[PDB]
Amino acid sequence: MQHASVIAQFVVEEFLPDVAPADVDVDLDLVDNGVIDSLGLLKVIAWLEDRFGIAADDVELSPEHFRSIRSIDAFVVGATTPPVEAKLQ
Ligand SMILES: *P(=O)(O)OCC(C)(C)[C@H](O)C(=O)NCCC(=O)NCCS
């Protein structure tokens with residue numbers, strides 16, 4: 001997991017209902033949340049890339065990458081797993 005709860009909280013915090021992300025089925029395809037795929041993706045890539053100084057072109061953007069939260073956790077875990085107390089930070 002390497003802070004898997006933070007990953008679900010990170011994306012869920014963008015639009016979490018009155019339920020704590022820990023009580024939300026993080027098994028939901030973020031595709032419905034595709035909202036993050038375009039607007040949030042730009043903000044996430046700019047922030048995520050700034051912390052690791054990774055070129056945005058290095059990674060290709062596609063809806064399949066956000067098909068599920070677990071798929072994103074493996075990609076990030078494969079390279080790095082940074083725990084964050086809140087998405088704002
Ligand atoms: P937004 O979230 O609507 O943008 C969709 C994303 C970022 C997933 C991307 O555009 C996409 O749909 N994947 C295919 C690649 C693509 O269409 N690039 C957009 C410029 S042609």
# chains A, B, ... in the order shown; residues from 1 in each chain; ligands from 1

$ residues_near_ligand --ligand "ligand 1" --cutoff "6 Å" --atoms "only C-alpha atoms and all ligand atoms" --output "list in words"
residues 34, 35, 37, 38, 61, 62 and 63 of chain A

$ write_last_selection --atoms "N, CA and C atoms" --output "JSON list (two decimals), in the first residue's frame"
[["chain", "number", "residue", "atom", "x", "y", "z"],
["A", 34, "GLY", "N", -13.51, 11.66, -13.89],
["A", 34, "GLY", "CA", -12.66, 12.14, -15.02],
["A", 34, "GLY", "C", -12.45, 13.65, -14.89],
["A", 35, "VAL", "N", -13.22, 14.31, -14.08],
["A", 35, "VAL", "CA", -13.03, 15.77, -13.91],
["A", 35, "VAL", "C", -11.56, 16.02, -13.59],
["A", 37, "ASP", "N", -9.12, 14.21, -14.53],
["A", 37, "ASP", "CA", -8.29, 13.82, -15.70],
["A", 37, "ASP", "C", -7.88, 15.04, -16.53],
["A", 38, "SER", "N", -8.69, 16.05, -16.59],
["A", 38, "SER", "CA", -8.33, 17.24, -17.42],
["A", 38, "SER", "C", -7.89, 18.42, -16.55],
["A", 61, "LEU", "N", -0.48, 11.17, -20.95],
["A", 61, "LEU", "CA", -1.77, 11.31, -20.23],
["A", 61, "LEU", "C", -2.86, 10.50, -20.95],
["A", 62, "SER", "N", -3.65, 9.76, -20.22],
["A", 62, "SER", "CA", -4.73, 8.96, -20.86],
["A", 62, "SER", "C", -5.76, 8.56, -19.80],
["A", 63, "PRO", "N", -7.00, 8.40, -20.19],
["A", 63, "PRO", "CA", -8.09, 8.00, -19.25],
["A", 63, "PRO", "C", -7.85, 6.62, -18.64]]

$ select_by_dssp --residues "chain A" --states "helix (DSSP H, G or I)" --output "ChimeraX atom specification"
/A:4-14,21-23,30-33,35-52,56-58,63-66,69-79

$ residues_around --residues "residue A:31" --least-positions-apart "6" --cutoff "10 Å" --atoms "only C-alpha atoms" --output "PyMOL selection string"
chain A and resi 37+63-69

$ closest_residue --among "A:49, A:70, A:15, A:4" --to "residue A:32" --atoms "only C-alpha atoms"
A:15

$ closest_residue --among "A:13, A:8, A:51, A:60" --to "residue A:80" --atoms "only C-alpha atoms"
A:51
